[PDB]
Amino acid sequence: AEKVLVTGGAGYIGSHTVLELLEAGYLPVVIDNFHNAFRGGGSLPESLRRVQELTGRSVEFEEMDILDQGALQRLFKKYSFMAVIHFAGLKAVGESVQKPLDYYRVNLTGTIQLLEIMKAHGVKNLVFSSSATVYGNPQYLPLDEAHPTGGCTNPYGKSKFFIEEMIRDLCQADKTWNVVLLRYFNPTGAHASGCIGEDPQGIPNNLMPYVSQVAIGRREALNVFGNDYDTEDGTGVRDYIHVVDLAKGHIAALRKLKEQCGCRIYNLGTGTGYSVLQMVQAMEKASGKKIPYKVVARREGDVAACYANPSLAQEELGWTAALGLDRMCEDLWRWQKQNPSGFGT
């Protein structure tokens, strides 16, 4: 059978997706440059070594950079792909503002190179990791797919928006292409085994991992970025979605490609928003630990609330997020507890 190329597959979302692909019967080939994934010293990134263990199925892997055209060329010659799921990229907002060129290079040039090879090799079937960030500051809520996109505030968000645009143009230009752009909301949680999850290096920029790190006792308290927002409790409201649900949405997307769907765009969110305080309360509950916090200044670029209108995905992808708040917290806690320092032995 033909394979499924998974770029950046050793990462957070990708590893979970590889697991789901294997469980669903697909044959994945992962490529990763270890920019944000732990090695271990063996042939696989630790995340994938564990996915193999958990599923009892092999993960084919090639260490490589999407910026390496020559390596991409050889890869497409070595394997017969039927689709590509593209997670590879840089995603640190703060870092993007500081080093815009790095983001444009990895994100834009890398994606362009990958699209050229796919075109060249006749693998015109893509699933792309996009983000609700492309919508910019919400003009209305919930955010549906027709909400305006662009006018992003940082280089990171801009790069995702530009990528979306490039893919739209490609599909318009060649009707034989099929591409599903998935706008993730706030991915959280980990596989139920507690053996894989998000492995942030240093201080996590996202709320959840910070909260769990406070709970585990690695951090003293949570700094809450403002409490004067226009929300019920004044703290920011987001659509947290279980990474496992998110991963399953990728399989639904592959199925969509098989229907020769052309260019499709879907939000991958729950449609339910929770505030920072509500997330802390739930994590207290899942962890059985106290989670102290302190209200600090607002974070530059943050908005009051951001949550999805997941109807389209349900309708067309037949996908809906299954796991709730408690499950997300329980699963995150399990991973955190079982792996206090993330990956290694």
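In this text, residue numbers run from 1 along the sequence as written.
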146-154 versus 84-92 - which carries the larger mean C-alpha B factor in the record: 146-154
Once average C-alpha B-factors are taken from the entry for 266-274 and 219-227, the winner is 219-227
In terms of CA temperature factor as recorded, identify the highest of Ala132, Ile117, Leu141, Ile203. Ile203
Among modelled residues of the same chain, the CA temperature factor third for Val97: highest
Compare the C-alpha B factor of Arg50 with those of the other modelled residues in its chain, then answer lowest, middle or highest third. lowest
Quick one: classify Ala1 as lowest, middle or highest third of the chain based on its Cα B-factor. highest
Please place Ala24 in the lowest, middle or highest third of its chain according to the CA B-factor in the PDB entry. highest
Determine, from the deposited record, the chain-internal third of the Cα B-factor for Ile291: lowest, middle or highest. highest
